[PDB]
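A short worksheet on the structure shown next.
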Amino acid sequence: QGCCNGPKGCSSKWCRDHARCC
């Protein structure tokens, strides 16, 4: 969903919080 597709996605805390791939 972007978060786990791009280099800055899991660098975003929201994606780290919510997305299990982060």
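In the structure tokens, chains take letters A, B, ... by order of appearance, with residues numbered from 1 within each chain and ligands from 1 in the order shown.
Residues in contact range of residue 22 in chain A, defined as at most 8 Å between only C-alpha atoms, with sequence neighbours fewer than 4 positions away removed, read residues 3, 4, 10, 15, 16 and 17 of chain A.
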Dump of N, CA, C and O atoms for the selected residues, as a PDB file, in the first residue's frame:
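Full text of out15.pdb as output:
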```pdb
ATOM      1  N   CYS A   3       3.481   1.971   1.668  1.00  0.00           N
ATOM      2  CA  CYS A   3       4.316   1.857   2.867  1.00  0.00           C
ATOM      3  C   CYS A   3       5.381   0.791   2.726  1.00  0.00           C
ATOM      4  O   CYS A   3       6.540   0.986   3.060  1.00  0.00           O
ATOM      5  N   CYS A   4       4.999  -0.277   2.172  1.00  0.00           N
ATOM      6  CA  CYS A   4       5.874  -1.415   2.046  1.00  0.00           C
ATOM      7  C   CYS A   4       6.301  -1.604   0.607  1.00  0.00           C
ATOM      8  O   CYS A   4       6.840  -2.646   0.229  1.00  0.00           O
ATOM      9  N   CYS A  10       7.817   2.612   5.297  1.00  0.00           N
ATOM     10  CA  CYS A  10       7.983   2.077   6.641  1.00  0.00           C
ATOM     11  C   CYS A  10       8.866   2.986   7.474  1.00  0.00           C
ATOM     12  O   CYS A  10       9.217   2.679   8.615  1.00  0.00           O
ATOM     13  N   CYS A  15       2.690   3.850   9.069  1.00  0.00           N
ATOM     14  CA  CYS A  15       2.816   2.584   8.403  1.00  0.00           C
ATOM     15  C   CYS A  15       3.486   1.573   9.323  1.00  0.00           C
ATOM     16  O   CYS A  15       3.141   0.416   9.322  1.00  0.00           O
ATOM     17  N   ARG A  16       4.411   2.038  10.132  1.00  0.00           N
ATOM     18  CA  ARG A  16       5.066   1.195  11.121  1.00  0.00           C
ATOM     19  C   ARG A  16       4.052   0.741  12.195  1.00  0.00           C
ATOM     20  O   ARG A  16       4.076  -0.408  12.640  1.00  0.00           O
ATOM     21  N   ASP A  17       3.171   1.649  12.583  1.00  0.00           N
ATOM     22  CA  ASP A  17       2.135   1.378  13.583  1.00  0.00           C
ATOM     23  C   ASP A  17       1.074   0.436  13.043  1.00  0.00           C
ATOM     24  O   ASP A  17       0.752  -0.588  13.657  1.00  0.00           O
TER      25      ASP A  17
END
```
- [ ] Considering only C-alpha atoms, return as a PyMOL selection string whatever protein or nucleic-acid residues lie within 10 Å of residue 1 in chain A, sequence-local ones (same chain, fewer than 3 positions apart) excluded.
- [x] chain A and resi 4-6+9+15+19+21
Open item on the list: Could you go through chain A and tell me which residues DSSP, when run on the backbone, assigns to helix (DSSP H, G or I), listing them as a ChimeraX atom specification?
Closed with: /A:13-18
